[PDB]
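The structure file query04.csv is reproduced below (CSV, C-alpha atoms).
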```csv
chain,number,residue,atom,x,y,z
M,1,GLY,CA,-37.3,87.3,3.1
M,2,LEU,CA,-37.5,83.9,4.8
M,3,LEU,CA,-33.8,83.3,5.2
M,4,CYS,CA,-34.1,80.8,8.1
M,5,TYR,CA,-32.2,77.5,8.5
M,6,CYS,CA,-32.4,74.4,10.7
M,7,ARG,CA,-29.6,74.1,13.2
M,8,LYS,CA,-28.5,71.6,15.9
M,9,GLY,CA,-27.7,72.8,19.4
M,10,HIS,CA,-26.9,76.3,18.5
M,11,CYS,CA,-26.3,78.7,15.5
M,12,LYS,CA,-23.7,81.2,14.5
M,13,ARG,CA,-26.1,84.1,14.4
M,14,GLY,CA,-29.9,84.3,14.6
M,15,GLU,CA,-30.6,81.6,17.2
M,16,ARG,CA,-34.4,81.4,17.6
M,17,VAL,CA,-37.2,79.0,18.6
M,18,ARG,CA,-40.1,80.1,16.4
M,19,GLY,CA,-40.7,76.8,14.7
M,20,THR,CA,-38.6,73.9,16.2
M,21,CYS,CA,-37.1,72.0,13.4
M,22,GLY,CA,-37.0,68.9,15.6
M,23,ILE,CA,-36.3,67.8,19.2
M,24,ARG,CA,-32.6,68.4,19.6
M,25,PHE,CA,-32.7,71.0,16.9
M,26,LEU,CA,-33.8,74.7,16.7
M,27,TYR,CA,-34.6,77.4,14.2
M,28,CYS,CA,-31.9,80.0,13.2
M,29,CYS,CA,-33.2,82.9,11.2
M,30,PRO,CA,-30.9,86.0,11.0
M,31,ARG,CA,-32.2,89.6,10.6
M,32,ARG,CA,-30.0,90.2,7.5
```
Any chance you could give the structure as structure tokens?
Amino acid sequence: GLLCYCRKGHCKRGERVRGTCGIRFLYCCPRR
């Protein structure tokens, strides 16, 4: 279920900001 990953700057699909994985990073969790 929890198919989220830490990205830097942007993501390929699923760009989100639920739980910041850092400062210059973000959280990318797709819906599939």
Can you work out the spacing between CA of residue 21 (chain M) and CA of residue 9 (chain M) in Å, to one decimal?
11.2 Å
So what do you get for CA of residue 24 (chain M) versus CA of residue 5 (chain M), distance-wise?
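Distance between the two atoms: 14.4 Å.
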I'd like the interatomic distance between CA of residue 29 (chain M) and CA of residue 14 (chain M), to a tenth of an Å.
4.9 Å
Near residue 27 (chain M), counting only C-alpha atoms, which residues have an atom at most 10 Å away, once you skip same-chain residues fewer than 4 positions from it, shown as a PyMOL selection string?
chain M and resi 4-11+14-22
